[PDB]
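A single chain comes next, written as structure tokens; it is the form deposited in one PDB entry.
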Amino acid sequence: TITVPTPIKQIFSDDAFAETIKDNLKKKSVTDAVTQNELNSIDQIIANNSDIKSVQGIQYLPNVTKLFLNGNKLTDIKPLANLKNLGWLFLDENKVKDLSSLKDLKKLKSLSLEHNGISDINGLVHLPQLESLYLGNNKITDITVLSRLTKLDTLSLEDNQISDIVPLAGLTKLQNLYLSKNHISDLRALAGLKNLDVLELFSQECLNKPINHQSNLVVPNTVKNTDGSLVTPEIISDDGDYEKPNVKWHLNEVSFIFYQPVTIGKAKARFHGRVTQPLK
């Protein structure tokens, strides 16, 4: 308990973050004393691009509802665990993977974790109230848990490693869905998302299981539009030909590009990507 006015420097162990608090409080120096009343009156911390390595001390700001921590060096958010009034949290371009620290933040409506090198998102199961979630540019593979998040109207999973989008099937409140740059080759389970305004599906990279190099190679086309029909290949490598439903080559790896427009609800998307077939 700050029972006497205490220098900002002594409360917040990280110099970068102490500097941020000095400026948000409009103070002159990080050596300047602050009362708890002052800390209690901060609703908002704007702390982008400030090289913060630790928000240790943020516990003493119990009433903060918005936190902008984009573009810092955080690798741990345990101090946020008790900021129960938190509504918006943005943690882009840090290296944060302990999402369980967020488990009891029940008022949290918007959350951004883009560019954090995240692979396990199972922690998000504890945040069913989320209205807005950004996970672009991570290493995400399994999005099973997102089936719970039926209050989301905005979801961004772009630039990840997702191939199965079936867990999105019931998220019918979604209006904006970003899935470009993944391993998605089957759109069928997105057909019920009829409240979509915006959908992006471009630049998918798909990689088949390896098979034996032959003179007469025949790989079956597995790319499906929302209605379940095959997307016709547009460019085939190594002078290959389409013989519906198979791509066929007369020949140590081959590929094709696909493209097809896609409507769901009121959203028009460009389903586009590459299927690569490694050989041995």
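All residue numbers refer to positions in the sequence shown, first residue = 1.
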Between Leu251 and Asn252, what class does the number of missing deposited residues fall in: none, 1 to 3, 4 to 9, or 10 or more? 4 to 9
Between 180 to 188 and 206 to 214, point out the one with the higher average CA B-factor as the PDB entry records it. 206 to 214
Would you tell me which stretch averages the higher CA B-factor in the PDB entry, 106 to 114 or 168 to 176? 106 to 114
For the C-alpha B-factor as written in the entry, point me to the maximum among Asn48, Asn63, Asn246, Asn225. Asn246
Just to confirm, going by the entry's C-alpha B-factors, which of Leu83, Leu124, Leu193, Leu201 comes out highest? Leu83
Quick tally, chain-level thirds of C-alpha B-factors: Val30 sits in the highest
Using the B-factor values recorded in the entry, state whether the Cα atom of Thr144 falls in the lowest, middle or highest third among the modelled residues of its chain. lowest
Lowest, middle or highest third: where is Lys151 by Cα B-factor in its chain? lowest
Chain-relative CA temperature factor third for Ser100: highest
In terms of the chain's CA B-factor thirds, is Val262 lowest, middle or highest? lowest
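Keep in mind that the form deposited in another entry is not shown, yet the notes after this line are about it.
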Treating the chain as two rigid parts between this form and the one not shown, do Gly265 and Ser156 fall in the same one? yes
